[PDB]
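Here is the structure we will look at.
Read from first to last, the chains carry the letters A, B, C, D, E and F; within each, the first residue is number 1.
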Amino acid sequence: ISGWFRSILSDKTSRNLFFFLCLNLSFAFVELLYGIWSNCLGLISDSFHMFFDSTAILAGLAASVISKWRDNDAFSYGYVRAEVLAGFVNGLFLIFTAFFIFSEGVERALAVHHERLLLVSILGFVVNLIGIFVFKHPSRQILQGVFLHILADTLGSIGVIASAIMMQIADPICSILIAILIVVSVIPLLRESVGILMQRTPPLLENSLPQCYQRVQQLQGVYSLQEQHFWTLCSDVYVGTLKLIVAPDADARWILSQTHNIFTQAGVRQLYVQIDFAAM
Amino acid sequence: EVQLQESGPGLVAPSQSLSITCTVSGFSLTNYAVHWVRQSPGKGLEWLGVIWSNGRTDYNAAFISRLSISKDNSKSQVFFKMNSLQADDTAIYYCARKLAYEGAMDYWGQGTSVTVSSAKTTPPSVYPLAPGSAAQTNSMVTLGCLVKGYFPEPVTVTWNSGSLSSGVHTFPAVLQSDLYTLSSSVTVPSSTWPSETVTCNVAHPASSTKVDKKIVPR
Amino acid sequence: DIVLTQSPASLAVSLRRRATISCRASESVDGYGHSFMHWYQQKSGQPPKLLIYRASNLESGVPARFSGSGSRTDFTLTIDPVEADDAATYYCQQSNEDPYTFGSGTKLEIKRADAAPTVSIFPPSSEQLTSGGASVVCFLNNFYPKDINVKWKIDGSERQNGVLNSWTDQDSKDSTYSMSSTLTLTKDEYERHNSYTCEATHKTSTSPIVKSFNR
Amino acid sequence: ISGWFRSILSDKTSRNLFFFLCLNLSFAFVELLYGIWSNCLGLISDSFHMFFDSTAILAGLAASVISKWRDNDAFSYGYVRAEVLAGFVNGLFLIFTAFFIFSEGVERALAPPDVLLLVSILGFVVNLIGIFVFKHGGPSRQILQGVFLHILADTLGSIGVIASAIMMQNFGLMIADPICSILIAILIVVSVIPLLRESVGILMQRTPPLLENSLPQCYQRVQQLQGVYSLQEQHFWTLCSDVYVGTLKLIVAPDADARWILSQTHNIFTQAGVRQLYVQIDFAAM
Amino acid sequence: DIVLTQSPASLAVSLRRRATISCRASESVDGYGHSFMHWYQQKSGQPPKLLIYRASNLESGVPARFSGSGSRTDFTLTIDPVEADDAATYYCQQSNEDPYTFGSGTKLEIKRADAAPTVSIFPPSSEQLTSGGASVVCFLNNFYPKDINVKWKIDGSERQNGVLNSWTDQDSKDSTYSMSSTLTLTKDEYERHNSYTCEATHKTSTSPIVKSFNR
Amino acid sequence: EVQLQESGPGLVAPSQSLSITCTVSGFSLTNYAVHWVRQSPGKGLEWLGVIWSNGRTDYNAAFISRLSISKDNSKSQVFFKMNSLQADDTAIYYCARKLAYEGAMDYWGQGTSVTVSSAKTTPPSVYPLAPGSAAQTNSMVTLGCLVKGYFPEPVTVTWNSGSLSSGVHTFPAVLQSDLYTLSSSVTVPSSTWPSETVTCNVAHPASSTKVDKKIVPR
């Protein structure tokens, strides 16, 4: 408790991340309070969206600290996949609520102005501009999604600025607009996470695999290639398996070393080559 | 009993084709790869290719355009065909069995010498070689068989059909006037010559010449 | 391709000593703890015979006096103790890359006490004289070293024009050498002189060996 | 797309999901009509909650259809993981709605407003015929489990609404309304816990729980093979339900019988239930 | 363990014919297209020599007249053409399961034309006589078939008490057999009689062969 | 040149321990596993165990409680130790080089016969067997060498120190009164006996007895 209070003072980038998440959570609480006091659905939607952006950053940190952990009998590959899972979960929790936001919009669109202090929208604009300025420059699929979501938050704050200045009802249209923006923002992160979780061939490995297969086929005494499976374990960590059929007298040591060289040059960290001697 | 025997033309015209048949025994072509390797005094040992049990063939990239290796498992034969034979293709060609599960060649054939030249096959001329008169009889007396004027390699020179082999010194051939000279020397006890029969047997497979000439005193 | 350089080109070792042959590879022939390097021995007029495979493994049936060692790019074939049969050319072959390549070869020469050459002379045979030629041949058998000088005297006249020297490889039993020095002439050239002598100059003794005949 | 509909009706689970989705959408059109007759006050909220449900069954049906697609270059293992992903999404859906039901209780906990109950009854009957259809939820395991849990959550929500309403009119106990929602959100979270645990385990490349208890014996039997020196880098994971993938590297003797070792290792792990096995064999120096 | 049953227990095959030996395994010795069955040949007083490995692969150097076939539990070793040297015991061994187990063995007998036994007799030596015993040995060399009858006549008296018969394995060049029929007695038993005769009854001729000596 | 040679005690008392040393040549124990297999007339060929190049051992499960195999790579030796030997352990024990990458044994030693009994070693009794007087001289004459009174098996019986091999017909031993007897029959042209010398050499390694009996006419 007290150790974490003094630890972030020693470092600088972790202190900046702490300021990021703390301001996000504080302003999310503020927007939720004001949207409860008022009836600003756009403000409530931005609160929920950012609320979940801050949870995305926190879950990314938790996923990193869990992925640091060791492997064991149950988890032979380690807890690295949690990283991917975290991102995926974020997208799901970003697609559910936004869609539900859609609901409140169109519902209201069919069947409580309370201006009070509607000027907090420009404050949200300033905060989101600061956030995207700080984040303008294995943590690939943890913070890229967060960057996309804070860009969407800036656009949504612009939208709620428009809704507020129109209020002086254009609230349901901005609600469905931010819902569409959130969905289109979470499409690519969800696509990457789905690709990894579906045991798909790594996209950075796809175009170099026919060349690898041709080079492996050229090895002396190799007859055919079977059952080639390649997938992404986590960021830049690829797992590959293949079964070679070889001549009945083939040099299996040499073929194993050459196949491992061929696939190591292509970026496959873990490779499993099963060599089967043919009858003829 | 693992044995590889090559059979091919000793003399090949330039820019023509060379065809060697390697017959194997003691092992099957259905589970062993056979390598083809040539050795020449200029380029040393050069690997030509390998045929695998399923018929897959791998070649040296410098011969990919003019080489072809095939085989038939029934008669246990491997066929080696090279095209565009040039002046530096004259070499001893061996078919070698691959060492199982290794990159080495565990058994080798005796090899066939291939000479690429426009000269024609000349049968050898065999000349006896006895010491002058009876001077220096001693206990060890040297006899010789001279092979002049043959083309190309090789000739097998033996003494009493190979029954006697100790003290037999056969000398390598030498080129002059586009033809070849060779000498074979043998040392025999003085009480054995001219007591019983001593003979020089010369075999020249290029011209299919067989000689079993007797050695007689002067 | 991978170029294999063998040093030294020739080696001279005595009986019961150690011989070391070194092969250098341009690129590494190692893969995952296996050095794909093999050693062959080629005797006089024989196909190469495998000695070592994978740089340290004895082929089944070859003598225990042969040994292999090395990794990456440096390899050593060691013969200890050296026998008389070990007189041959030794080759290193890599199989880590396509194509297979062999070394240049190292010829091992067996060292022993010097021996005086057994010198004999031979006139042309009657069949060869009737053919149209005349070859006079001097044989020098069972000597050491390779360096030997042969002179041809024809009634005291020195001739270096039509003389051919042929050497033999080192014997696998007694580790000696043989030399054939032949001279060729026509009928008139052979018959216009009488005496022919082959002269053998060797490092064993300062006095050269004379072998002569007449007519 | 004409042949797509024939494929949907060919499969048992795909056709059941399609029929349930179509029935939900017909109930949807009838509901939305009664809403656009100016009675939309709570109706349109129910309508978009049920449209979210229809999205959940659509996700399950799409996963069932895609999982049977032939494998290709990009998807070497096929599309079977779309099953597991469905069980991950559906469970992750049911938690989210749970919280909202939780939140809904708060909406009637501080200042509950009193704002003809028939649509709940037809939704209930829909839910009973659905749970009758999807009784199998006790590669289509994660899809059926998630869809059955979704149907059970909706059935529970109907029970809660009906119970709250019958205490409203005939009994008049206002206190018992939020507690029903609190309890029933608790119940649906506990219902979806196991499916989420299994889906997270599968997607985290964890060792299969059914395979985990018999793996040391398999390692011991592989160790007893003649000429095997050691085992290392053994990795076993779940591709889809009941399909396990295993990889391992053996060190063996320099002259060991690799063919026999490979056959015996594959037999040992085939009796254990591993469907895809990759045994790399490395010959030692000595 | 896997039980291997070899049928027939013995096989008689003439020259240049085909010999077939079957091995039946209790369980399958197959794995992924490989049959882990091997065939050995054990000659007279020799260690087993591997002929076939993995049920179809000839060992390096064995003659081509041996062949193997089969899968799962049934395997066949075929010798064609059958030579005289192929007279031996043939064993099937599985290596699919621990422990390695061998077949019972099939003895291949070479069939040929019948030969009359060369019969000789040998009385007790003087050294054995002075020792205290007396052994009379009748030798029957180079005959066919195995079956032969030996009788001992002592002045017209038949004795089947102290006779020991020793067979030999079939010859590898001439495919024959040998018989050593020995009789043992003491001093007085040997010297109280004069004539001893060994009698050879064979299928080759109806008349038995008489080999006699006196004193 | 691949050779395996077993050295072990021919006679072992029942319930003692048997130690055999197999010395190998032509191959190294650093890449070859060595099997131990015994053969008896009752149980036939029977696998006992194997030692691998890294020192891993595998045993027949019926012998796991009383068998041990060790080795030393430097001197190229493999040691076989069995405990509590009973009467059924009398067999010919062989050390066998396994065929590489296969489950078969491609090289075998000559084997050592181990007899488990409480009897003592008896040196052999060698007796000549000449034809009776000169009856039936003919052109072919048979002689015999009777080795009676040795224990245990085996003995090597040879004629003229291996110079003469044709016509040698040695017979297997017969057991009576705990004691072993055998005969060896040889044939020779009549122009050779008694013209020159023929001898029967009997070697009994169990008692280390060498006999060079001279066959003489009566």
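In this text, a contact is a pair of C-beta atoms (placed from the backbone, for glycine too) under 8 Å apart; a residue touches a chain by one contact, two chains touch by 3 or more.
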{"item": "Recurring contact interface, reference E-F, options C-F, B-C or B-E [over half identical by residue number]", "value": "B-C"}
{"item": "Per Cα centroids, the chain farthest from chain F", "value": "A"}
{"item": "Distance from the mean Cα position of chain E to that of chain A, given in whole angstrom", "value": "81"}
{"item": "Where chain A and chain D are represented by their mean Cα positions, the distance between them in whole Å", "value": "22"}
{"item": "Approximate Å spacing (C-alpha centroids) for the pair chain B, chain D", "value": "77"}
{"item": "Junction residues of chain C, two or more chains touched", "value": "32, 34, 36, 54, 95-96, 98"}
{"item": "Residues of chain F touching at least two other chains", "value": "31, 58, 100-103"}
{"item": "Residues of chain D engaged with two or more neighbouring chains", "value": "226, 257-260, 262, 282"}
{"item": "Contact footprint of chain A on chain B as seen in their complex", "value": "30-33, 50, 52-54, 56, 58, 98, 100-103"}
{"item": "Partner chain B, residues of chain E touching it in the complex", "value": "57-58, 60-64"}
{"item": "Chain F partner contacts - residues on chain D that touch it in the complex", "value": "226-227, 229, 253-260, 284, 286"}
{"item": "In the complex, chain C residues that touch chain B", "value": "36, 38, 40, 47-50, 53-54, 59, 91, 93-96, 98-105, 118, 120-128, 131, 133, 135, 137, 139, 141, 164, 166-168, 178, 180, 182, 213"}
{"item": "Partner chain F, residues of chain B touching it in the complex", "value": "100-101"}
